[PDB]
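# Structural characterization, general
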Number of protein chains: 2
Amino acid sequence: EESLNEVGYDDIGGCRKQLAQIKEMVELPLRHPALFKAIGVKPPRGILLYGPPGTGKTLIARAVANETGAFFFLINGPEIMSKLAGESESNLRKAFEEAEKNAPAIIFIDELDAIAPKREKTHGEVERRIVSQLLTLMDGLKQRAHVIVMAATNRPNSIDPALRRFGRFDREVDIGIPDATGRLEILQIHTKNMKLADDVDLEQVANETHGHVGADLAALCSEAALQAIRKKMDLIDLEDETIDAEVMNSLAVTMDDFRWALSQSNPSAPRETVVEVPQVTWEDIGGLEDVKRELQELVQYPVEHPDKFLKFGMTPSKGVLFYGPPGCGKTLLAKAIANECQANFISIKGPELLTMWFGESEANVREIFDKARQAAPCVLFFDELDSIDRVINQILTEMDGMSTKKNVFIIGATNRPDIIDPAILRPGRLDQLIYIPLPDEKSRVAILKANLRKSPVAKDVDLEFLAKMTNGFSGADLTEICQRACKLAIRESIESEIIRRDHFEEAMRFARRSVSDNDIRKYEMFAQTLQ
Amino acid sequence: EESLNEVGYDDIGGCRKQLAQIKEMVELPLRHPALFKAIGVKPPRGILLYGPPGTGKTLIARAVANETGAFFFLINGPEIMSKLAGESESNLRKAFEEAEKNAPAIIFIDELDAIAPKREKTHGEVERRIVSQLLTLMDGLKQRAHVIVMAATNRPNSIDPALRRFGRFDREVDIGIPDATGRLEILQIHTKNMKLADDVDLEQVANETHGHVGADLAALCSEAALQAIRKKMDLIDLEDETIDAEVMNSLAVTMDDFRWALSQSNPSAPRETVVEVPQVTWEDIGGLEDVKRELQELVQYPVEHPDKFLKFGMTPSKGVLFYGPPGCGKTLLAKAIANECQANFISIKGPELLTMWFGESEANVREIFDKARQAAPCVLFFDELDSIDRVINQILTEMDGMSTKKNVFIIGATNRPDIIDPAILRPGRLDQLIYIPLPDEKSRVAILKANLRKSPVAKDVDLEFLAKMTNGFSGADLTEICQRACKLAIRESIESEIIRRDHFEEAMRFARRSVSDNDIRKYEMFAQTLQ
Ligand SMILES: Nc1ncnc2c1ncn2[C@@H]1O[C@H](COP(=O)(O)OP(=O)(O)O)[C@@H](O)[C@H]1O
Ligand SMILES: Nc1ncnc2c1ncn2[C@@H]1O[C@H](COP(=O)(O)OP(=O)(O)O)[C@@H](O)[C@H]1O
């Protein structure tokens with residue numbers, strides 16, 4: 001059989017739901033090669049794995065080929081771009097002929113932007129003789145012995161749009177940035193020949209690596225292995241001997257080796273939108289039980305009974321507006337909305353779409369909307385709605401899709417009642433708003449319990465006895481209160497010559513009181529305009 | 001053996017920390033060629049030295065090859081750009097085949113922008129046949145006998161972004177402009193065959209050459225050697241004989257020869273962002289002991305106990321805002337903030353980002369933020385925040401990275417309390433500001449002592465007896481007072497026919513009192529709004 005060093009299904013732990021989607025796409029054509037000759041159903045030829053580079057997209061194709069048992073030729077895009085004019089088309093044709101020779105098989109096109117850009121972009125004519133004959137060999141769809149052309153690209157709007165037409169590249173699956181649990185899985189994978197000691201736990205290590213692709217996670221565990229082996233075998237002065245197995249197994253990576261490898265800069269994945277299914281429940285956001293009661297009607301009630309809600313002749317609401325004071329848990333309530341729906345989270349920000357405004361990147365607005373269309377089920381939180389009217393126009397003209405079966409919930413948060421234009425206020429598009437108020441006693445106490453449970457908590461406080469003077473201290477304001485209280489705890493605790501109730505109670509008798517008291521009536525006139 | 005005229009490790013003195021980083025990267029692949037065949041760890045193939053030209057990036061690769069004992073091939077980018085179509089790709093392929101022939105070895109690609117630009121930028125199609133096959137021979141990663149491909153470029157956003165993807169060019173180290181201590185080291189290097197006399201001290205020479213690369217420092221010591229040898233050997237009328245080595249050692253470069261060579265123009269490094277580790281202590285900035293107490297909590301307390309501050313579940317604050325009167329040591333307090341943190345200093349200015357605003361160079365804003373990500377540990381002082389809202393948007397959308405392990409401290413200084421927008425003032429991003437006040441009695445006395453110690457000081461003054469009338473005279477204002485007092489010391493001291501207490505005391509009885517007295521309450525109402 002094949003060697004175990006080849007990649008298997010177990011070796012990938014980035015996005016296993018997308019792995020299941022790829023298996024659901026291509027497993028039946030590949031494991032069952034004759035069934036499509038009997039049925040009159042076209043198999044999906046040409047799925048397209050789009051995502052950031054280094055997400056392991058070659059390993060997906062190699063793993064599904066090696067588990068399935070299909071032959072795996074690889075057309076690297078930069079490999080056939082450097083052959084001379086006419087030789088590159090000839091090599092592409094021989095690659096597809098070799099694919100059709102030992103079929104069933106799968107052939108990969110890594111870095112299709114090197115073959116096909118979105119614009120023509122290249123005023124020489126040998127590029128169009130390369131994307132042409134690739135469009136022709138996309139029409140290997142004769143319901144043959146099955147070949148599936150998996151492809152890779154940096155962005156799905158970076159390829160030529162003639163590829164996205166039907167019959168050429170039909171399915172378009174996002175491999176996606178891995179989540180924190182996927183980071184735990186991939187660090188658990190990347191230890192089998194590294195042979196860590198028991199001190200390294202990798203949980204907080206994976207949690208500290210948010211915003212990075214699987215490639216530089218493999219590079220950071222490799223770098224930690226380099227730091228662990230760099231303390232020895234030259235200091236031991238035994239390079240002259242053979243490479244000793246008991247020395248390597250006696251060596252182990254250490255916790256501060258991982259801290260060292262993380263400490264050097266690894267921004268191989270530039271910062272982008274996030275894909276995550278949160279575990280943050282209703283209770284972790286403080287109070288808001290009437291807001292819970294409305295939002296259960298808004299998202300939990302349609303997904304508990306989609307058949308009964310659709311049977312009553314009305315679609316579910318497209319999304320709620322969060323309207324009220326800024327930073328009062330309204331930003332983190334979308335975690336509970338996604339969690340109790342068991343849906344994914346997208347948290348694209350206001351200044352991000354402002355950068356799309358200033359760079360005229362409304363194509364990126366369309367791309368993140370279609371990204372939300374791809375994620376299923378998911379929620380589309382977006383704060384700072386009053387910051388933008390090109391982006392308001394683009395949001396309104398792209399929200400017209402009616403993917404209520406996708407259960408996308410278009411939730412937006414802003415503080416300005418009517419400075420934001422009433423083009424959103426038209427009924428049927430996005431109008432079932434709610435007034436999120438200032439955090440009250442239960443809200444402040446429960447958000448203090450949640451944000452103080454995650455810290456070392458020597459409380460010794462009745463939280464009503466602490467938060468009674470908070471007339472309108474917001475959740476952002478009270479987490480800043482906890483921030484400066486724990487900073488004074490740092491101030492009195494780290495001073496030494498070489499407990500925490502004191503800092504809560506000096507925050508209780510503190511002289512810094514800053515509450516936006518005048519804005520509750522500013523919300524209340526428009527709330528009474530609702531009446 | 002190899003000749004001593006070849007470059008060694010001791011020859012380079014520009015950025016020895018980056019030299020240590022390069023050694024940490026490529027020493028174990030090169031000094032230990034067999035160890036990666038047994039371990040399952042990919043060595044970093046293709047580190048990338050980026051910096052201004054003439055920083056010595058060829059000498060780094062030649063030095064690590066010559067000290068390590070690996071073969072050094074050099075693919076000069078302009079050299080293989082001039083061959084005919086298909087011949088250049090053939091030469092690149094034979095160069096990589098020769099690299100794989102006598103491996104372990106290192107190959108260099110100087111001026112990769114001549115090979116690969118950031119845009120496609122060239123509507124001929126032989127350039128993409130040149131950057132392609134370079135991407136293909138980046139995939140010499142078979143964990144072979146190890147070859148590492150060092151690369152050189154002017155700017156890290158000037159190469160093609162397909163090179164920055166993982167597996168092709170992984171490590172991206174800044175070779176960096178040298179500091180003043182590096183200038184001392186490189187002028188100490190450039191004297192071994194020059195044979196200076198004892199009058200030349202080179203310390204003030206190195207201090208006078210801020211803003212210049214190592215190339216024109218070698219050119220200025222060469223020019224000083226030319227000035228020293230240009231007074232003789234034709235004036236002596238002894239060119240006809242053999243070149244006398246005893247006369248050459250009897251010849252010596254002189255102090256005014258260095259002044260002459262510096263006096264002719266050497267702008268080979270155009271003015272850019274600066275990289276420096278200051279030694280300017282807390283005492284060198286006048287007073288501000290309560291601001292010292294806050295800033296010790298802000299930067300010194302996290303770096304004294306990172307484990308205890310992270311163990312309390314709260315990240316360190318991203319950076320304080322200097323809020324108060326302009327030019328009162330707020331520009332130079334970041335020197336102390338970097339100094340007792342033992343961190344690097346970046347002092348990018350407000351009008352510099354205004355030139356990024358007017359030229360729409362937000363890519364340069366991303367590049368200087370990633371430069372701060374590269375520098376470790378460092379601080380990111382940036383004044384004139386009220387000058388800028390595209391750049392405010394870009395700063396906010398790029399400051400969202402959470403490199404608290406890097407100990408980057410996002411400090412900004414401005415005088416306008418609320419004219420600058422509070423989008424930065426949203427909590428958790430950049431909110432723990434402080435009110436830097438006008439310099440008081442201790443502050444003005446200490447800044448006068450520090451700025452007058454560096455001058456020839458015949459003080460004979462009680463500094464309280466001088467600065468009692470300074471109601472609100474700033475540190476910029478009082479250094480201007482010292483400036484005009486020393487200019488009157490010039491006025492009375494150099495007049496002659498062919499001491500300094502008089503000028504301090506006529507500054508004491510001077511008739512120019514210009515203090516912005518009206519703005520202390522303008523700061524004080526917002527400071528009491530903090531309450
Ligand atoms: N989801 C994942 N599971 C396992 N390994 C991964 C994953 N993502 C990235 N990697 C690691 O990152 C590297 C990048 O994957 P590769 O497919 O070679 O590059 P690219 O994705 O750019 O084609 C691989 O060597 C792999 O070990
Ligand atoms: N850090 C340094 N140490 C020693 N010499 C240097 C340093 N930086 C620059 N130089 C001098 O400057 C010149 C520029 O170096 P070189 O690598 O030849 O040019 P480039 O960096 O443009 O490829 C060299 O001749 C070298 O002598």
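Residues numbered from 1 in each chain as written, not as in the entry; some residues may be left out. Chains lettered and ligands numbered in written order. Part of a larger assembly, values for the part shown. Heavy atoms only, no water.

Structure determination for this PDB entry is given in the record as cryo-EM, at a resolution of 4.12 Å.

Placing chain A over chain B gives an RMSD of 0.2 Å and needs a rotation angle of 60°, together with 0.0 Å of translation along the axis. Within this description, the copies of the chain are treated as partners about a six-fold rotation axis. Minimal C-alpha separation from the rotation axis in chain A is found for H123 of chain A, amounting to 5.2 Å. (Least-squares fit on C-alpha atoms.)

On the chain B side, the residues contacting the 65 residues of chain A number 60 residues. Between chain A and chain B, roughly 5,600 Å² of surface is buried when both sides are summed, and carbon and sulfur atoms account for 57% of that area. Contact with chain B buries surface across chain A, with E239, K487 and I494 of chain A losing the most and accounting together for 11% of the total. Applying the counting criterion to the chain A and chain B interface returns four salt bridges. Of the charged contacts, one joins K121 of chain A and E120 of chain B as a salt bridge, the two residues approaching to 3.1 Å between their closest N and O atoms. Our count for the contact surface shared by chain A and chain B stands at 16 residue pairs in polar contact. At the level of elements, α10 (214-230), α12 (255-263), α16 (350-358) and α21 (475-493) of chain A are the ones that each hand at least two residues to the side of chain A that touches chain B. At nine residues, the largest contribution of residues to the side of chain A that touches chain B is made by α10 of chain A. (Contact = heavy atoms within 4.5 Å. Buried area = accessible area lost by both parts, 1.4 Å probe. Salt bridge = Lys/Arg side-chain N within 4 Å of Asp/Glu carboxyl O. Polar contact = N/O pair within 3.5 Å; in protein donor to acceptor, adjacent residues only side chain to side chain. Helix = DSSP H or I, 4+ residues; strand = E, 2+ residues; numbered from the N terminus.)

Both the distance between ring centres and the angle between the ring planes are used here to describe each pair of aromatic rings. Under the defined criterion, the tally for this structure stands at ten aromatic pairs over all chains. When the ring of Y435 of chain A is compared with that of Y523 of chain A, the centres are 6.1 Å apart and the planes differ by 50°; the resulting orientation is tilted. Through successive ring pairs, a cluster of aromatic residues spans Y323, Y435, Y523 and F526 of chain A. When the ring centre of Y9 of chain B is taken as reference, the NZ or CZ atom of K23 of chain B above it lies at 5.3 Å. Over the aromatic face of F510 of chain B sits the side chain of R484 of chain B, whose NZ or CZ is 3.8 Å from the ring centroid. (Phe/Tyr/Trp six-rings, centres within 6.5 Å; stacked < 30°, edge-to-face > 60°. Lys NZ or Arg CZ within 6 Å of the ring centre and 35° of its normal.)

All right, on to the side chain of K232 of chain B then. Residues and elements named next belong to chain B. Tracing the backbone through its elements, the reader meets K232 in the loop between α10 (214-230) and α11 (245-250). Look at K232: it is buried, it has no salt bridge, and the nearest opposite charge is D244 at 9.3 Å. Discounting chain neighbours no more than four positions away, the residues touching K232 are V247 and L251. (Buried < 20%, exposed > 50% of the residue type's maximum accessible area, 1.4 Å probe, protein only. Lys, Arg positive; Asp, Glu negative; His and termini not counted.)

On to the pairing of strand β4 (residues 147-153) of chain A, then. All names here are of chain A. Burial runs high along β4: seven of the seven residues are buried. Burial along β4 is two-sided: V147, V149, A151 and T153 facing one way and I148, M150 and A152 facing the other are all buried. The pairing of strand β1 (residues 48-50) with β4 spans three bridges and is parallel. By the bridge assignment, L48 is partnered in β4 with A151. Here strand β3 (residues 105-110) pairs with β4 via five bridges, running parallel. When the sheet's bridge partners are listed, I106 is paired in β4 with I148. (Pairing = 2+ DSSP bridges.)

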